[PDB]
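All remarks here apply to the structure that follows.
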Amino acid sequence: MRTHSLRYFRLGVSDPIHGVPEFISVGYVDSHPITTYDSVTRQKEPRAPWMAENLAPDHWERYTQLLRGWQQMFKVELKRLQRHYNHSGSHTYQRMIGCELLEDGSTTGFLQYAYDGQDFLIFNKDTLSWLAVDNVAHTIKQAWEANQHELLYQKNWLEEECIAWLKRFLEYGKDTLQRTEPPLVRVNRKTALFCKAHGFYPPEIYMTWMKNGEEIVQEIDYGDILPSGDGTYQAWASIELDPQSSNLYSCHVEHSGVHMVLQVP
Amino acid sequence: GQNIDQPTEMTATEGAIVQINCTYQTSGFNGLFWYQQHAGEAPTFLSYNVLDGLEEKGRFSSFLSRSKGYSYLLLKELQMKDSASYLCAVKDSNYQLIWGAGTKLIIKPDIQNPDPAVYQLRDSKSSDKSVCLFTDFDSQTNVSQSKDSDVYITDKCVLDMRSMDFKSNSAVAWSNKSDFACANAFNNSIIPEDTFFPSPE
Amino acid sequence: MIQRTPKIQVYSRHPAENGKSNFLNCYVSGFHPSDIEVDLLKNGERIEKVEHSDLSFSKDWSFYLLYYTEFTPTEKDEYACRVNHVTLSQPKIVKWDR
Amino acid sequence: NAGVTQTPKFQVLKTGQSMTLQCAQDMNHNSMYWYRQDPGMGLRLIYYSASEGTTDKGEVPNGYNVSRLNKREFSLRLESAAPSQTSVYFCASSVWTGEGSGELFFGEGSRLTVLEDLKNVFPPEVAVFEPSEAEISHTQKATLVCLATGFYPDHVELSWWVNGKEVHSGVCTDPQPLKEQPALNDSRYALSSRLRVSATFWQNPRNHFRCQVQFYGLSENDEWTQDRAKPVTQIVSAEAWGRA
Ligand SMILES: *Cc1c[nH]c(=O)[nH]c1=O
Ligand SMILES: [Ca+2]
């Protein structure tokens with residue numbers, strides 16, 4: 001089984017524009033949204049069909065109550081941060097927690113916070129400590145690390161509960177998450193050689209150019225892996241052609257355990 | 001689907017060590033709590049475990065094994081004030097508490113100088129009851145309920161005279177029957193051979 | 001405060017051929033904060049029936065969105081994507097390259 | 001800093017009667033809960049309030065309703081009392097919910113007895129019995145015994161008073177009441193308590209001993225139709241003096 005991950009995000013805005021939610025929470029399995037909640041709807045709803053069909057209404061009712069409490073806690077924490085920063089206006093507070101189940105069977109776990117889109121506090125579940133970026137975060141670090149039981153709780157949830165939730169969701173949407181659609185790869189000229197792939201899933205793909213069997217990463221332009229809108233993805237990579245000398249250029253694409261080579265005549 | 005199990009009752013001697021077990025079968029695990037609840041009072045938080053190992057807090061220590069799904073609350077150097085119910089609770093995947101039925105811990109006091117006796121208390125002019133007191137016996141003695149429907153016998157009760165640092169067990173029996181006598185009131189119990197029965201009249 | 005300007009990429013779902021039904025995508029990513037306005041343009045006019053995914057979150061705390069509409073590319077019609085953000089003095093227009 | 005305050009401590013109810021249990025916390029907590037405790041089983045959640053402005057059902061919501069009136073208060077409502085709702089109700093609170101290691105802070109508890117008929121409600125008979133002279137000469141100690149008998153339900157609080165002041169040292173009261181007729185489900189109760197003092201203290205003729213039992217029974221709005229006296233909430237006591 002390939003590498004998979006489960007993550008939950010939280011967004012808090014202090015003085016939002018009218019109509020924009022004060023609080024938003026979204027969960028993901030890989031790049032797939034699975035759950036959503038905001039301060040406007042005040043309801044936790046599935047964002048994937050295989051989540052809605054495998055979780056009874058009692059699951060969504062329970063976490064609706066929890067998110068309503070977590071929404072208020074996020075509001076109190078953001079109010080504390082902005083007061084200690086002596087900042088006026090609207091500012092953002094973000095949270096990210098999750099885990100990965102790698103291909104070899106090993107696991108990772110992470111939990112971190114952000115203020116105005118920049119790292120604020122980062123949790124280390126091995127040393128059981130919080131990394132603070134400034135003195136406002138240093139104050140929060142002191143209060144959180146005085147609650148040793150909460151640090152141990154976060155270590156257990158990241159290493160045990162998160163991985164267990166991930167395996168559960170992986171089985172729910174195995175027809176989506178564990179399928180493989182190979183890419184359609186082509187090469188055209190535009191002077192640079194553009195190697196383009198599309199129609200592939202999972203989105204993880206490695207595209208590069210080789211000049212006479214040697215990879216020169218400095219002169220390769222890499223395009224982003226973009227969603228096509230139908231569940232598949234597309235990407236590209238270009239390299240500049242030497243007008244003074246001919247060379248043996250070949251595009252190399254690796255996707256889901258299969259390697260591809262497109263030699264340019 | 002989710003189950004918590006702890007023994008109904010445990011009896012130990014004052015000054016000894018007792019270990020109260022709690023096994024759980026839950027869908028996920030977010031921590032195990034231990035609570036103390038004295039009779040007629042509110043539960044109070046004792047300990048929390050979420051990772052494997054042993055945590056100490058005074059005379060109390062709590063252990064947890066996630067793989068075996070079992071925890072114990074260890075009470076060392078038992079005192080009479082440790083007599084209470086001890087509740088174990090587990091948070092599941094959805095952070096809901098599943099509570100055990102509770103374990104009632106009974107502590108037998110250490111009676112240094114046992115002086116078992118059955119005394120006849122004085123009658124009250126406002127009551128037709130005759131009252132007898134079985135007292136000062138060792139903690140190994142059990143007080144049996146009455147087999148006569150018109151004789152009432154209460155269980156043993158540990159009293160502490162703090163001024164003299166003195167403890168004693170006692171049970172009360174009473175009735176308004178004509179044939180009721182303190183010499184026969186506790187006949188259905190196994191009382192010590194040397195029980196002092198002061199003479200009547 | 002560090003505000004990050006959106007990265008705008010306009011592309012089609014499939015390789016586009018004239019007269020064949022396709023989907024015009026505008027993938028806006030990497031911006032912060034989350035307030036943003038996105039419009040798809042056909043010959044400079046705002047396309048009415050335009051869909052978009054929900055606000056999405058990235059590991060670096062930036063956000064991303066996908067705006068799309070169904071269309072049939074012709075030789076004369078040009079397409080673009082207009083995005084406004086707090087990091088932009090005026091709306092930025094990115095045209096479909098094809 | 002009072003913690004969790006819930007009222008009332010005791011309440012007798014007739015089947016179909018309405019009742020509201022109050023609960024307040026001054027710890028600035030966000031999550032509040034209502035539990036019922038029954039013999040032989042663990043605490044069961046009735047309703048809970050994860051935060052101010054939201055409530056949801058627990059494990060046993062049928063027959064109850066709640067209202068998170070504000071951040072401090074969380075009331076439990078019994079609209080039509082049923083005999084199965086005879087229980088001890090505990091209200092608790094925590095800083096947040098879904099936090100993991102956060103513990104609960106419980107209120108003192110509310111004992112409830114719901115009865116089809118109030119005609120089996122009885123105040124206790126209270127009598128004091130003076131120490132045995134044989135005990136005094138044998139042990140140099142003196143044990144007084146107080147008997148509270150024939151009361152129902154088990155809503156009683158017994159206390160000893162020596163010279164106008166309540167005492168606790170040298171006092172032991174039965175942790176559980178005694179069913180006078182153990183085979184009957186609505187049996188009246190008996191309760192015994194002892195006060196043991198030194199023989200010197202008992203032999204002072206000025207020392208005054210009194211055992212007082214606070215009984216929680218009916219109130220003015222409770223309908224009474226029996227020939228005997230209405231068993232209202234009352235204090236029944238008996239006394240004894242030291243003997244030289
Ligand atoms: C569903 C849910 C669970 N955990 C989180 O941190 N967020 C959520 O929205
Ligand atoms: Ca209900």
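In the structure tokens, the first chain shown is A, the next is B, and so on; residue numbers restart at 1 for each chain, and ligands run from 1 in the order shown.
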Discussion item. For a quick test of understanding: name the residues of chain A lying within 8 Å of chain C when counting only C-alpha atoms, and present them as JSON, numbers by chain.
Written reply: {"A": [9, 26, 92, 94, 96, 114, 116, 117, 118, 198, 226, 227, 228, 229, 230]}
Worksheet item: Which residues, written as a PyMOL selection string, have at least one atom at most 9 Å from residue 201 of chain D, with only C-alpha atoms counted and residues fewer than 4 positions away on the same chain left out?
Response: chain D and resi 141-142+197+205+207+242
Go ahead and save the residues from that selection, with C-alpha atoms, as an mmCIF file, in the first residue's frame.
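Written output follows (again-v4.cif):
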```
data_model
loop_
_atom_site.group_PDB
_atom_site.id
_atom_site.type_symbol
_atom_site.label_atom_id
_atom_site.label_comp_id
_atom_site.auth_asym_id
_atom_site.auth_seq_id
_atom_site.Cartn_x
_atom_site.Cartn_y
_atom_site.Cartn_z
ATOM 1 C CA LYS D 141 -15.747 4.483 78.005
ATOM 2 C CA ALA D 142 -19.425 5.219 77.401
ATOM 3 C CA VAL D 197 -17.047 9.300 74.994
ATOM 4 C CA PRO D 205 -23.991 15.846 84.962
ATOM 5 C CA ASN D 207 -22.958 17.507 79.631
ATOM 6 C CA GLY D 242 -24.747 12.980 81.626
#
```
Fill in: Cut-off 7 Å, only C-alpha atoms and all ligand atoms, neighbours of ligand 1 as a PyMOL selection string
chain A and resi 8-9+25-27+35-37+63+67+97
Discussion item. To test your reading of the structure, identify every residue in chain B that backbone DSSP assigns to strand (DSSP E), and report it as a PyMOL selection string.
Written reply: chain B and resi 3-5+9-13+18-25+32-37+44-49+53-57+60-65+70-75+84-91+97-99+103-108+117-120+130-135+152-153+157-161+166-175
Worksheet item: Taking only C-alpha atoms and all ligand atoms into account, which residues are within 9 Å of ligand 2, as a PyMOL selection string?
Response: chain D and resi 46-47+57+60-66+78
Write out, as a PDB file, in the first residue's frame, the residues just selected, with C-alpha atoms.
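Saved file result.pdb follows:
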```
ATOM      1  CA  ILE D  46     -28.307  11.991  30.439  1.00  0.00           C
ATOM      2  CA  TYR D  47     -27.494  15.238  28.626  1.00  0.00           C
ATOM      3  CA  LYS D  57     -28.451  13.987  24.403  1.00  0.00           C
ATOM      4  CA  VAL D  60     -30.292   8.049  28.638  1.00  0.00           C
ATOM      5  CA  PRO D  61     -32.124  11.216  27.493  1.00  0.00           C
ATOM      6  CA  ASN D  62     -35.675   9.819  27.507  1.00  0.00           C
ATOM      7  CA  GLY D  63     -37.765  11.492  30.198  1.00  0.00           C
ATOM      8  CA  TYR D  64     -35.415  14.461  30.653  1.00  0.00           C
ATOM      9  CA  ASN D  65     -34.575  17.829  29.119  1.00  0.00           C
ATOM     10  CA  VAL D  66     -31.867  20.410  29.785  1.00  0.00           C
ATOM     11  CA  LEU D  78     -38.073  16.072  34.619  1.00  0.00           C
TER      12      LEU D  78
END
```
Worksheet item: Could you name the residues that touch residue 218 of chain D at 8 Å or less, counting only C-alpha atoms, but leaving out those on the same chain fewer than 3 positions away, as an MDAnalysis selection string?
Response: chainID D and resid 12 222 230:233
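Here the question is which of A:64, A:5, A:82, A:234 gets nearest to residue 28 of chain A using only C-alpha atoms, and that residue is A:5.
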Worksheet item: Residues of chain B within 7 Å of chain D, using only C-alpha atoms, as a list in words?
Response: residues 30, 31, 41, 42, 43, 44, 45, 48, 95, 99, 100, 101, 102, 119, 120, 121, 122, 123, 124, 127, 154, 157, 158, 159, 160, 161, 162 and 198 of chain B
Worksheet item: A:174, A:155, A:84, A:2: which is nearest chain D, counting only C-alpha atoms?
Response: A:155
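Between chain B and the residues A:143, A:121, A:132, A:151, the shortest atom-to-atom distance, using only C-alpha atoms, involves A:151.
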Discussion item. Taking 5 positions as the minimum chain separation for residues in the same chain, which residues sit within 12 Å of residue 139 of chain B when counting only C-alpha atoms? Answer as an NGL selection string.
Written reply: :B and (11-14 or 106-116 or 156-158 or 167-171 or 191-192)
